[PDB]
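Each reported figure results from applying straightforward, stated rules to the coordinates on display, with no laboratory input. Ideal geometry is used to build each Cβ from the backbone, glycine not excepted, and the neighbour counts take in all protein chains shown.
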Amino acid sequence: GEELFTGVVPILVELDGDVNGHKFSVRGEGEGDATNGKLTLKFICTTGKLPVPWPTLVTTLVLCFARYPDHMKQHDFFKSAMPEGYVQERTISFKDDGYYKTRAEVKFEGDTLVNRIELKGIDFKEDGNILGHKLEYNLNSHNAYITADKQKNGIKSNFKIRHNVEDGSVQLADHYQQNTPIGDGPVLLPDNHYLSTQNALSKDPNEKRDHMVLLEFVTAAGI
């Protein structure tokens with residue numbers, strides 16, 4: 001599957017969301033460059049205003065674009081599943097608040113790498129940090145430890161995201177993640193390793209819609 005990522009690849013992201021009954025849609029477009037681990041994307045909320053903070057959706061909104069160094073080539077599950085793709089599911093628990101459950105398919109649709117997501121959020125506090133929009137517009141660097149999920153022929157990961165709250169506190173989001181191939185062909189079940197991710201979030205001054213401009217770098221290491 002690796003050959004599909006030798007150059008720059010266009011990306012489409014589509015998210016259908018429902019958080020405490022608040023329905024919303026997000027569409028993202030841009031490109032990814034797996035040789036350097038770089039993602040360049042712009043996300044728009046196509047239904048109006050996002051009812052949750054943009055940084056809480058970053059992890060949900062394409063790990064096949066991570067830079068796997070050559071000594072780790074037999075450990076890149078994400079590209080090995082391509083072009084058929086993989087399912088990515090998560091439960092994301094916000095400390096002292098509600099939780100997200102997400103199910104996505106990540107696969108090639110012709111020339112474009114497409115991440116199509118369903119998100120549900122349950123048990124949030126309308127005046128809490130998420131539905132109350134109390135999180136800074138940034139996302140700090142994080143490491144995610146990837147382990148083989150042998151029974152499912154896929155991978156799993158759990159990691160905590162630390163969201164900066166405008167009052168100086170931190171809001172934890174505990175991620176549990178499972179990935180399963182869509183195809184039947186040979187995929188690469190990795191040794192334990194980790195992905196390192198950093199993000200820059202910005203705004204397009206010519207964009208009057210609620211939106212997020214995102215730059216992301218994801219690099220694999222640990223073996």
Of the candidates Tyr100, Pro69, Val9, the farthest towards the positive dipole end of the chain (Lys/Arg Cβ +1, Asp/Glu Cβ -1, centred on the Cα centre) is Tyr100
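Nothing charged except the Cβ atoms of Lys and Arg (+1) and of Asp and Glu (-1): what's the magnitude of the dipole of the chain about its Cα centre? Round to the nearest 20 debye. Each step should come with its number before you reach the end.
Values: 25 positive and 32 negative charges, 53 e Å.
It works out to roughly 260 debye.
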Compare the Cα positions of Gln177, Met212, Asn115 along the charge dipole of region 73-223 (+1 at Cβ of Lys, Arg; -1 at Cβ of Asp, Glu; about the Cα centre) and return the one farthest towards the positive end. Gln177
Under 22 Å from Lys150, Cα to Cα: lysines that are on another chain or at least 8 residues apart: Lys73, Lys79, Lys107
Within the chain, helix-based [θ] at 222 nm, where runs of 4 or more DSSP H residues each add -39,500 (n - 2.57), nearest 500: -500 deg cm²/dmol
Checked the chain with the C-alpha gyration tensor, a ≥ b ≥ c its square-rooted eigenvalues, rounded below a/c of 1.5, otherwise prolate if a/b is larger than b/c and oblate if not; verdict prolate
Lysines whose Cα lies under 17 Å from that of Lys203, excluding same-chain neighbours fewer than 8 positions away: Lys42, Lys49
Applying a 10 Å radius around every beta-carbon, put 205-216, 153-164 in order of their mean neighbour count, most first. 153-164, 205-216
How far apart, in nanometres, would the label points at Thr219 and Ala200 be if each is projected 7 angstrom from Cα along the Cα-to-Cβ direction? 1.5
